[PDB]
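Q: model.csv is the file, holding CSV, N, CA and C atoms:
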```csv
chain,number,residue,atom,x,y,z
A,1,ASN,N,0.4,22.1,-54.9
A,1,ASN,CA,-0.4,20.9,-54.7
A,1,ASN,C,0.5,19.7,-54.4
A,2,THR,N,1.8,19.9,-54.6
A,2,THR,CA,2.7,18.8,-54.5
A,2,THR,C,2.6,18.2,-53.0
A,3,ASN,N,2.5,16.9,-53.0
A,3,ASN,CA,2.3,16.2,-51.7
A,3,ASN,C,3.7,16.2,-50.9
A,4,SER,N,3.8,17.1,-49.9
A,4,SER,CA,5.0,17.2,-49.1
A,4,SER,C,5.2,15.9,-48.2
A,5,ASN,N,4.2,15.1,-48.0
A,5,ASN,CA,4.3,13.9,-47.3
A,5,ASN,C,4.6,12.7,-48.1
A,6,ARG,N,4.6,12.8,-49.5
A,6,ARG,CA,4.9,11.7,-50.4
A,6,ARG,C,6.4,11.8,-50.8
A,7,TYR,N,7.0,10.6,-50.7
A,7,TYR,CA,8.4,10.5,-50.9
A,7,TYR,C,8.7,9.4,-51.9
A,8,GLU,N,9.8,9.5,-52.7
A,8,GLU,CA,10.3,8.5,-53.6
A,8,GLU,C,11.7,8.2,-53.3
A,9,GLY,N,12.0,7.0,-53.0
A,9,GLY,CA,13.4,6.6,-52.6
A,9,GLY,C,13.6,5.1,-52.9
A,10,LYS,N,14.5,4.5,-52.1
A,10,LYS,CA,14.8,3.1,-52.2
A,10,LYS,C,15.0,2.4,-50.9
A,11,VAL,N,15.2,1.1,-50.9
A,11,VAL,CA,15.3,0.4,-49.6
A,11,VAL,C,16.8,0.5,-49.2
A,12,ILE,N,16.9,0.7,-47.9
A,12,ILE,CA,18.2,1.0,-47.2
A,12,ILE,C,19.1,-0.2,-47.3
A,13,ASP,N,20.4,-0.1,-47.0
A,13,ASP,CA,21.3,-1.2,-47.0
A,13,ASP,C,21.9,-1.3,-45.6
A,14,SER,N,21.0,-1.3,-44.6
A,14,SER,CA,21.5,-1.3,-43.2
A,14,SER,C,20.4,-2.0,-42.4
A,15,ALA,N,20.8,-2.5,-41.2
A,15,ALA,CA,19.9,-3.2,-40.3
A,15,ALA,C,19.9,-2.5,-38.9
A,16,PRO,N,18.8,-2.3,-38.3
A,16,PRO,CA,18.7,-1.5,-37.1
A,16,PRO,C,19.1,-2.3,-35.8
A,17,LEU,N,19.8,-1.6,-35.0
A,17,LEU,CA,20.1,-2.1,-33.6
A,17,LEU,C,19.1,-1.4,-32.7
A,18,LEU,N,18.1,-2.2,-32.4
A,18,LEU,CA,16.9,-1.6,-31.7
A,18,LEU,C,17.1,-1.8,-30.2
A,19,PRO,N,16.5,-0.8,-29.4
A,19,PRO,CA,16.6,-0.9,-27.9
A,19,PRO,C,15.7,-2.0,-27.4
A,20,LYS,N,14.5,-2.2,-28.1
A,20,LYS,CA,13.5,-3.2,-27.7
A,20,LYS,C,13.3,-4.1,-28.9
A,21,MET,N,12.6,-5.2,-28.6
A,21,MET,CA,12.2,-6.2,-29.7
A,21,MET,C,11.0,-5.7,-30.4
A,22,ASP,N,11.1,-4.5,-30.9
A,22,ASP,CA,10.0,-3.8,-31.6
A,22,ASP,C,10.6,-2.9,-32.7
A,23,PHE,N,10.1,-3.2,-34.0
A,23,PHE,CA,10.6,-2.4,-35.1
A,23,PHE,C,10.1,-1.0,-35.1
A,24,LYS,N,9.1,-0.7,-34.3
A,24,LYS,CA,8.6,0.7,-34.1
A,24,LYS,C,9.4,1.5,-33.1
A,25,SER,N,10.5,1.0,-32.6
A,25,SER,CA,11.3,1.8,-31.7
A,25,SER,C,12.4,2.5,-32.4
A,26,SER,N,13.0,3.5,-31.8
A,26,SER,CA,14.1,4.3,-32.4
A,26,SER,C,15.4,3.5,-32.4
A,27,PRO,N,16.0,3.1,-33.5
A,27,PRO,CA,17.2,2.3,-33.4
A,27,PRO,C,18.3,3.0,-32.8
A,28,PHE,N,19.1,2.3,-32.0
A,28,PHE,CA,20.3,2.9,-31.4
A,28,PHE,C,21.4,3.2,-32.4
A,29,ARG,N,21.6,2.2,-33.3
A,29,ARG,CA,22.5,2.3,-34.4
A,29,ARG,C,21.9,1.7,-35.7
A,30,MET,N,22.5,2.1,-36.8
A,30,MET,CA,22.2,1.5,-38.1
A,30,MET,C,23.4,0.8,-38.7
A,31,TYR,N,23.4,-0.5,-38.8
A,31,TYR,CA,24.6,-1.3,-39.2
A,31,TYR,C,24.5,-1.6,-40.7
A,32,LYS,N,25.5,-1.0,-41.4
A,32,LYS,CA,25.6,-1.2,-42.9
A,32,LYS,C,25.8,-2.6,-43.2
A,33,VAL,N,25.5,-3.0,-44.4
A,33,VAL,CA,25.7,-4.4,-44.9
A,33,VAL,C,27.2,-4.7,-44.7
A,34,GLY,N,27.4,-5.9,-44.2
A,34,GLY,CA,28.8,-6.4,-44.0
A,34,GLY,C,29.4,-6.0,-42.7
A,35,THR,N,28.6,-5.4,-41.8
A,35,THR,CA,29.2,-5.0,-40.5
A,35,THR,C,29.2,-6.2,-39.6
A,36,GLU,N,30.4,-6.4,-39.0
A,36,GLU,CA,30.6,-7.5,-38.1
A,36,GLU,C,30.6,-7.0,-36.6
A,37,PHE,N,29.9,-7.9,-35.8
A,37,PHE,CA,29.8,-7.6,-34.4
A,37,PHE,C,29.4,-8.8,-33.6
A,38,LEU,N,29.5,-8.8,-32.3
A,38,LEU,CA,29.2,-9.9,-31.4
A,38,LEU,C,27.8,-9.7,-30.8
A,39,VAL,N,27.1,-10.8,-30.7
A,39,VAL,CA,25.8,-10.9,-30.1
A,39,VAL,C,25.6,-12.2,-29.4
A,40,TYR,N,24.5,-12.2,-28.6
A,40,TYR,CA,24.1,-13.4,-27.9
A,40,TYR,C,22.8,-13.9,-28.5
A,41,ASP,N,22.5,-15.2,-28.2
A,41,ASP,CA,21.2,-15.8,-28.7
A,41,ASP,C,20.2,-15.5,-27.7
A,42,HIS,N,19.2,-14.6,-28.0
A,42,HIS,CA,18.2,-14.3,-27.0
A,42,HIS,C,17.0,-15.3,-27.2
A,43,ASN,N,16.3,-15.3,-28.3
A,43,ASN,CA,15.2,-16.1,-28.5
A,43,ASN,C,15.2,-16.7,-30.0
A,44,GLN,N,14.0,-16.9,-30.5
A,44,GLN,CA,13.8,-17.5,-31.8
A,44,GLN,C,14.1,-16.5,-32.9
A,45,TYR,N,13.8,-15.3,-32.7
A,45,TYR,CA,13.9,-14.3,-33.8
A,45,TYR,C,15.0,-13.2,-33.6
A,46,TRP,N,15.4,-12.9,-32.3
A,46,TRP,CA,16.2,-11.8,-32.0
A,46,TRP,C,17.5,-12.2,-31.4
A,47,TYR,N,18.6,-11.5,-31.8
A,47,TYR,CA,19.9,-11.5,-31.1
A,47,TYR,C,19.8,-10.5,-30.0
A,48,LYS,N,21.0,-10.4,-29.2
A,48,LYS,CA,21.1,-9.3,-28.2
A,48,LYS,C,22.6,-9.1,-28.0
A,49,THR,N,22.8,-7.8,-27.6
A,49,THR,CA,24.2,-7.4,-27.4
A,49,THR,C,24.2,-6.3,-26.3
A,50,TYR,N,25.3,-6.0,-25.7
A,50,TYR,CA,25.5,-5.0,-24.6
A,50,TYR,C,26.4,-3.9,-25.1
A,51,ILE,N,25.9,-2.7,-25.1
A,51,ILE,CA,26.7,-1.5,-25.4
A,51,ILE,C,26.5,-0.5,-24.3
A,52,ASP,N,27.6,-0.1,-23.6
A,52,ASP,CA,27.5,0.8,-22.5
A,52,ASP,C,26.6,0.3,-21.4
A,53,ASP,N,26.7,-1.0,-21.1
A,53,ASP,CA,25.9,-1.7,-20.1
A,53,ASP,C,24.4,-1.6,-20.4
A,54,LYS,N,24.0,-1.5,-21.7
A,54,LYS,CA,22.7,-1.4,-22.1
A,54,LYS,C,22.4,-2.5,-23.2
A,55,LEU,N,21.2,-3.1,-23.1
A,55,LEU,CA,20.9,-4.3,-24.0
A,55,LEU,C,20.2,-3.8,-25.2
A,56,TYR,N,20.7,-4.1,-26.4
A,56,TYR,CA,20.1,-3.8,-27.7
A,56,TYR,C,19.9,-5.1,-28.4
A,57,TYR,N,18.9,-5.1,-29.3
A,57,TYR,CA,18.4,-6.3,-30.0
A,57,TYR,C,18.7,-6.1,-31.5
A,58,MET,N,18.8,-7.3,-32.2
A,58,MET,CA,19.0,-7.4,-33.6
A,58,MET,C,18.3,-8.6,-34.2
A,59,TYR,N,17.6,-8.4,-35.3
A,59,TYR,CA,16.8,-9.5,-35.9
A,59,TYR,C,17.8,-10.4,-36.5
A,60,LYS,N,17.6,-11.7,-36.3
A,60,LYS,CA,18.5,-12.8,-36.7
A,60,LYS,C,18.6,-12.9,-38.3
A,61,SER,N,17.4,-12.7,-38.9
A,61,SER,CA,17.4,-12.9,-40.4
A,61,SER,C,18.2,-11.9,-41.2
A,62,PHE,N,18.7,-10.8,-40.5
A,62,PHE,CA,19.5,-9.8,-41.1
A,62,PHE,C,21.0,-10.2,-41.1
A,63,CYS,N,21.4,-11.2,-40.3
A,63,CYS,CA,22.8,-11.4,-40.0
A,63,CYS,C,23.3,-12.8,-40.6
A,64,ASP,N,24.6,-12.9,-40.8
A,64,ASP,CA,25.2,-14.1,-41.2
A,64,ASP,C,26.2,-14.5,-40.1
A,65,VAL,N,26.1,-15.8,-39.7
A,65,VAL,CA,27.0,-16.4,-38.7
A,65,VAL,C,28.3,-16.7,-39.4
A,66,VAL,N,29.4,-16.1,-38.9
A,66,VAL,CA,30.7,-16.3,-39.5
A,66,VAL,C,31.8,-16.9,-38.5
A,67,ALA,N,31.4,-17.2,-37.3
A,67,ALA,CA,32.3,-17.8,-36.4
A,67,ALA,C,31.6,-18.5,-35.3
A,68,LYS,N,32.3,-19.5,-34.6
A,68,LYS,CA,31.7,-20.2,-33.5
A,68,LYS,C,31.8,-19.3,-32.3
A,69,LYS,N,31.0,-19.7,-31.3
A,69,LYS,CA,30.9,-18.9,-30.0
A,69,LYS,C,32.2,-18.8,-29.3
A,70,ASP,N,32.4,-17.8,-28.5
A,70,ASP,CA,33.6,-17.6,-27.7
A,70,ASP,C,33.3,-18.0,-26.3
A,71,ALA,N,34.4,-17.8,-25.5
A,71,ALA,CA,34.3,-18.2,-24.1
A,71,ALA,C,33.1,-17.5,-23.3
A,72,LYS,N,32.7,-16.4,-23.8
A,72,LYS,CA,31.6,-15.7,-23.2
A,72,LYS,C,30.2,-16.1,-23.7
A,73,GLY,N,30.2,-16.8,-24.8
A,73,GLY,CA,28.9,-17.2,-25.5
A,73,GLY,C,28.5,-16.3,-26.6
A,74,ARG,N,29.4,-15.4,-27.0
A,74,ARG,CA,29.0,-14.4,-28.0
A,74,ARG,C,29.2,-15.0,-29.4
A,75,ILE,N,28.2,-14.7,-30.3
A,75,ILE,CA,28.2,-15.2,-31.7
A,75,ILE,C,28.7,-14.0,-32.5
A,76,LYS,N,29.8,-14.3,-33.3
A,76,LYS,CA,30.3,-13.3,-34.2
A,76,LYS,C,29.4,-13.3,-35.5
A,77,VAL,N,28.6,-12.3,-35.7
A,77,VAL,CA,27.7,-12.3,-36.8
A,77,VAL,C,28.1,-11.1,-37.8
A,78,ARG,N,27.5,-11.1,-38.9
A,78,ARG,CA,27.7,-10.1,-39.9
A,78,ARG,C,26.4,-9.8,-40.6
A,79,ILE,N,26.1,-8.5,-40.8
A,79,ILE,CA,25.0,-8.1,-41.6
A,79,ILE,C,25.1,-8.6,-43.0
A,80,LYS,N,24.0,-9.2,-43.5
A,80,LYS,CA,24.1,-9.8,-44.8
A,80,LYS,C,24.4,-8.7,-45.8
A,81,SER,N,25.0,-9.1,-46.9
A,81,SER,CA,25.4,-8.1,-48.0
A,81,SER,C,24.1,-7.7,-48.7
A,82,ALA,N,24.2,-6.6,-49.5
A,82,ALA,CA,23.1,-6.1,-50.2
A,82,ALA,C,22.5,-7.2,-51.2
A,83,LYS,N,23.3,-8.2,-51.6
A,83,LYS,CA,22.8,-9.2,-52.4
A,83,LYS,C,21.8,-10.1,-51.6
A,84,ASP,N,22.0,-10.3,-50.3
A,84,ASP,CA,21.3,-11.3,-49.5
A,84,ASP,C,20.4,-10.6,-48.5
A,85,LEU,N,20.6,-9.4,-48.1
A,85,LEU,CA,19.8,-8.7,-47.1
A,85,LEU,C,18.3,-8.5,-47.6
A,86,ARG,N,17.4,-8.8,-46.7
A,86,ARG,CA,16.0,-8.6,-47.0
A,86,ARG,C,15.3,-7.7,-46.0
A,87,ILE,N,14.6,-6.7,-46.4
A,87,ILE,CA,14.0,-5.7,-45.5
A,87,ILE,C,12.5,-5.9,-45.6
A,88,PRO,N,11.8,-6.0,-44.4
A,88,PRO,CA,10.4,-6.3,-44.4
A,88,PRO,C,9.5,-5.1,-44.6
A,89,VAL,N,8.3,-5.4,-45.1
A,89,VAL,CA,7.2,-4.4,-45.2
A,89,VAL,C,5.9,-5.1,-44.8
A,90,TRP,N,5.4,-4.7,-43.7
A,90,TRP,CA,4.2,-5.3,-43.1
A,90,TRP,C,2.9,-4.9,-43.6
A,91,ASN,N,1.9,-5.7,-43.4
A,91,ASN,CA,0.5,-5.3,-43.8
A,91,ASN,C,-0.2,-4.7,-42.6
A,92,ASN,N,0.4,-4.4,-41.5
A,92,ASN,CA,-0.2,-3.9,-40.3
A,92,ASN,C,0.7,-2.8,-39.8
A,93,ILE,N,0.1,-1.8,-39.1
A,93,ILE,CA,0.8,-0.7,-38.5
A,93,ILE,C,1.6,-1.1,-37.3
A,94,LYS,N,1.3,-2.2,-36.7
A,94,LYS,CA,2.1,-2.7,-35.5
A,94,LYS,C,3.5,-3.2,-35.9
A,95,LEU,N,3.8,-3.4,-37.2
A,95,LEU,CA,5.1,-3.9,-37.7
A,95,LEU,C,5.5,-5.2,-37.0
A,96,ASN,N,4.5,-6.1,-37.0
A,96,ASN,CA,4.8,-7.4,-36.3
A,96,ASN,C,3.9,-8.5,-36.9
A,97,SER,N,4.4,-9.5,-37.5
A,97,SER,CA,3.7,-10.7,-38.0
A,97,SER,C,2.8,-10.2,-39.2
A,98,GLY,N,1.7,-10.9,-39.4
A,98,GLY,CA,0.9,-10.6,-40.5
A,98,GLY,C,1.5,-11.0,-41.8
A,99,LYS,N,1.1,-10.3,-42.9
A,99,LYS,CA,1.8,-10.4,-44.2
A,99,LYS,C,2.9,-9.5,-44.3
A,100,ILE,N,4.0,-10.0,-44.9
A,100,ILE,CA,5.3,-9.2,-45.0
A,100,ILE,C,5.8,-9.4,-46.4
A,101,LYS,N,6.1,-8.3,-47.1
A,101,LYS,CA,6.8,-8.3,-48.3
A,101,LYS,C,8.3,-7.9,-48.1
A,102,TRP,N,9.2,-8.8,-48.5
A,102,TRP,CA,10.6,-8.7,-48.2
A,102,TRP,C,11.3,-8.1,-49.5
A,103,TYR,N,12.0,-7.0,-49.2
A,103,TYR,CA,12.6,-6.2,-50.3
A,103,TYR,C,14.2,-6.3,-50.1
A,104,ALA,N,14.9,-6.4,-51.2
A,104,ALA,CA,16.3,-6.3,-51.2
A,104,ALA,C,16.7,-4.8,-51.2
A,105,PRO,N,17.9,-4.4,-50.7
A,105,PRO,CA,18.3,-3.0,-50.7
A,105,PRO,C,18.3,-2.5,-52.2
A,106,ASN,N,18.2,-1.1,-52.2
A,106,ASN,CA,18.2,-0.3,-53.5
A,106,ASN,C,17.0,-0.5,-54.3
A,107,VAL,N,15.9,-1.2,-53.9
A,107,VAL,CA,14.7,-1.4,-54.6
A,107,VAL,C,13.9,-0.1,-54.4
A,108,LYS,N,13.4,0.4,-55.6
A,108,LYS,CA,12.7,1.7,-55.5
A,108,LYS,C,11.3,1.5,-55.0
A,109,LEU,N,10.9,2.4,-54.0
A,109,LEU,CA,9.6,2.4,-53.5
A,109,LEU,C,9.1,3.8,-53.2
A,110,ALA,N,7.8,4.0,-53.3
A,110,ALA,CA,7.2,5.3,-53.0
A,110,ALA,C,6.2,5.1,-51.8
A,111,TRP,N,6.4,6.0,-50.8
A,111,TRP,CA,5.7,5.8,-49.5
A,111,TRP,C,5.2,7.2,-49.1
A,112,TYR,N,4.5,7.2,-48.0
A,112,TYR,CA,3.9,8.4,-47.4
A,112,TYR,C,4.3,8.5,-45.9
A,113,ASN,N,4.7,9.7,-45.4
A,113,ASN,CA,5.1,9.9,-44.0
A,113,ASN,C,4.2,11.0,-43.5
A,114,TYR,N,3.1,10.5,-42.8
A,114,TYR,CA,2.2,11.5,-42.2
A,114,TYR,C,2.3,11.5,-40.7
A,115,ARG,N,3.6,11.4,-40.2
A,115,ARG,CA,3.9,11.5,-38.8
A,115,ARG,C,3.2,10.5,-37.9
A,116,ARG,N,2.8,9.4,-38.5
A,116,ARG,CA,2.1,8.3,-37.7
A,116,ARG,C,3.1,7.4,-37.0
A,117,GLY,N,4.4,7.6,-37.2
A,117,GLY,CA,5.4,6.7,-36.6
A,117,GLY,C,5.8,5.6,-37.5
A,118,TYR,N,5.3,5.6,-38.7
A,118,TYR,CA,5.7,4.5,-39.7
A,118,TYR,C,5.5,5.1,-41.1
A,119,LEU,N,6.0,4.4,-42.1
A,119,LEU,CA,5.8,4.7,-43.5
A,119,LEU,C,4.6,3.9,-44.0
A,120,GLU,N,3.9,4.5,-45.0
A,120,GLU,CA,2.7,4.0,-45.6
A,120,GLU,C,3.0,3.8,-47.1
A,121,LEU,N,2.8,2.5,-47.5
A,121,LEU,CA,3.0,2.2,-48.9
A,121,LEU,C,1.7,1.6,-49.5
A,122,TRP,N,1.2,2.2,-50.6
A,122,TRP,CA,0.0,1.8,-51.2
A,122,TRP,C,0.3,0.8,-52.3
A,123,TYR,N,-0.5,-0.3,-52.4
A,123,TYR,CA,-0.3,-1.3,-53.4
A,123,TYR,C,-1.6,-1.5,-54.2
A,124,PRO,N,-1.6,-1.4,-55.5
A,124,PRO,CA,-2.9,-1.5,-56.2
A,124,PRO,C,-3.7,-2.8,-56.0
A,125,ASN,N,-3.0,-3.9,-55.7
A,125,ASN,CA,-3.6,-5.2,-55.6
A,125,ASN,C,-3.7,-5.7,-54.1
A,126,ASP,N,-2.9,-5.1,-53.2
A,126,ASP,CA,-2.8,-5.5,-51.9
A,126,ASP,C,-3.2,-4.5,-50.8
A,127,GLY,N,-3.4,-3.2,-51.3
A,127,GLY,CA,-3.8,-2.2,-50.3
A,127,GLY,C,-2.7,-1.5,-49.6
A,128,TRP,N,-2.9,-1.1,-48.4
A,128,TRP,CA,-1.9,-0.3,-47.6
A,128,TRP,C,-0.9,-1.3,-46.9
A,129,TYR,N,0.4,-1.1,-47.1
A,129,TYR,CA,1.4,-1.8,-46.4
A,129,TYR,C,2.3,-0.8,-45.7
A,130,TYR,N,3.0,-1.2,-44.7
A,130,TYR,CA,3.7,-0.3,-43.8
A,130,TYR,C,5.1,-0.9,-43.5
A,131,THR,N,6.0,0.0,-43.2
A,131,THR,CA,7.4,-0.3,-42.8
A,131,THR,C,7.9,0.7,-41.8
A,132,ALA,N,9.1,0.6,-41.4
A,132,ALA,CA,9.7,1.5,-40.4
A,132,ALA,C,10.2,2.8,-41.1
A,133,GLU,N,10.3,3.9,-40.4
A,133,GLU,CA,10.7,5.1,-40.9
A,133,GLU,C,12.1,5.1,-41.4
A,134,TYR,N,12.9,4.2,-40.8
A,134,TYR,CA,14.4,4.2,-41.2
A,134,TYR,C,14.6,3.2,-42.3
A,135,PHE,N,13.7,2.4,-42.7
A,135,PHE,CA,13.9,1.4,-43.7
A,135,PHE,C,13.9,1.9,-45.1
A,136,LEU,N,13.3,3.0,-45.4
A,136,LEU,CA,13.2,3.6,-46.7
A,136,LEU,C,13.7,5.1,-46.6
A,137,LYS,N,14.7,5.4,-47.5
A,137,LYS,CA,15.3,6.7,-47.6
A,137,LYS,C,15.3,7.2,-49.0
```
Here is a file; write its structure as structure tokens.

A:
Amino acid sequence: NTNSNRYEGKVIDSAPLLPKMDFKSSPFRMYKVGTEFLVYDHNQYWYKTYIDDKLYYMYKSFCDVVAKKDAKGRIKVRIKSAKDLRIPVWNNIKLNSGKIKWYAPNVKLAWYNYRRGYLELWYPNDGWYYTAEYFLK
């Protein structure tokens, strides 16, 4: 009777390098806390960088600015440490805006993976909340 789709884990200590400005996309890489890399300023929320002549995006609130821009305009950023990193959990399956619960890494959570493309977290007072499949392990 054991629920094979029910999992018990914790919040990851990495930030996704997404191919699009969408958390529901498959990340190209997962950047551990404290990882340093160069990005450009794309818009209000997202950074951008080029790998193999391909554009990947990174959420700004996951990074720390540690240096001034270079001659190319690249910002040397660093993924926030586990003390400061905050991982989102949306109230909608679209994983965009709405209500968001922000979790620090290593915080224990129980979710459900029913192949919907996202994780499902039940809250006794708030109902169903969702996050990305890579955010909880």

Q: Which one of A:28, A:7, A:102, A:128 sits closest to residue 57 (chain A) if you count only C-alpha atoms?

A: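 Distance minimum relative to residue 57 (chain A) lands on A:28.
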
Q: If you measure from CA of residue 99 (chain A) to CA of residue 127 (chain A), what distance in Å do you get, rounded to one decimal?

A: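 According to the coordinates, CA of residue 99 (chain A) and CA of residue 127 (chain A) are separated by 11.7 Å.
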
Q: Neighbouring residues of residue 132 (chain A) were defined as those with any atom within 10 Å, considering only C-alpha atoms; residues of the same chain fewer than 2 positions away were excluded. Please report them as a ChimeraX atom specification.

A: /A:23-26,87-90,93-95,117-120,130,134-136

Q: Quick one: distance from CA of residue 41 (chain A) to CA of residue 22 (chain A) in Å, one decimal?

A: 16.7 Å

Q: Applying 7 Å and only N, CA and C atoms, which residues near residue 49 (chain A) remain after dropping the ones on its own chain fewer than 4 positions away? List them as a list in words.

A: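 Here the qualifying residues turn out to be residues 38, 39, 40, 54, 55, 56, 57 and 58 of chain A.
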
Q: Mind checking which residues fall within 7 Å of residue 104 (chain A), counting all atoms listed in the file, ignoring those fewer than 3 positions away in the same chain, and posting them as a compact mmCIF listing (two decimals) with N, CA and C atoms, in the coordinates of the input?

A:
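Saved file part_17.txt follows:
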```txt
# COMPACT_ATOMS: atom_id res chain seq x y z
N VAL A 11 15.20 1.10 -50.90
CA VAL A 11 15.30 0.40 -49.60
C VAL A 11 16.80 0.50 -49.20
N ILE A 12 16.90 0.70 -47.90
CA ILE A 12 18.20 1.00 -47.20
C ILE A 12 19.10 -0.20 -47.30
N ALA A 82 24.20 -6.60 -49.50
CA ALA A 82 23.10 -6.10 -50.20
C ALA A 82 22.50 -7.20 -51.20
N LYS A 83 23.30 -8.20 -51.60
CA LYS A 83 22.80 -9.20 -52.40
C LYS A 83 21.80 -10.10 -51.60
N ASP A 84 22.00 -10.30 -50.30
CA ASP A 84 21.30 -11.30 -49.50
C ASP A 84 20.40 -10.60 -48.50
N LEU A 85 20.60 -9.40 -48.10
CA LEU A 85 19.80 -8.70 -47.10
C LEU A 85 18.30 -8.50 -47.60
N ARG A 86 17.40 -8.80 -46.70
CA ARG A 86 16.00 -8.60 -47.00
C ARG A 86 15.30 -7.70 -46.00
N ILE A 87 14.60 -6.70 -46.40
CA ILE A 87 14.00 -5.70 -45.50
C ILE A 87 12.50 -5.90 -45.60
N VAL A 107 15.90 -1.20 -53.90
CA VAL A 107 14.70 -1.40 -54.60
C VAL A 107 13.90 -0.10 -54.40
```

Q: One number please: CA of residue 63 (chain A) to CA of residue 10 (chain A), in Å, one decimal.

A: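 Computing the Euclidean distance for CA of residue 63 (chain A) and CA of residue 10 (chain A) yields 20.6 Å.
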
Q: Could you tell me which of A:31, A:47, A:112, A:129 comes closest to residue 13 (chain A) if we count only C-alpha atoms?

A: A:31

Q: Which of these residues is nearest to residue 4 (chain A), using only N, CA and C atoms: A:27, A:98, A:67, A:114?

A: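 Ranked by minimum distance to residue 4 (chain A), first place goes to A:114.
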
Q: Quick one: of A:8, A:62, A:116, A:1, who's nearest to residue 81 (chain A), counting all atoms listed in the file?

A: A:62

Q: Which one of A:126, A:133, A:20, A:79 sits closest to residue 91 (chain A) if you count all atoms listed in the file?

A: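 Using all atoms listed in the file, residue 91 (chain A) sits closest to A:126.
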
Q: Could you check the closest approach to residue 76 (chain A) for each of A:29, A:44, A:37, A:16 and tell me which residue wins, using only N, CA and C atoms?

A: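 Ranked by minimum distance to residue 76 (chain A), first place goes to A:37.
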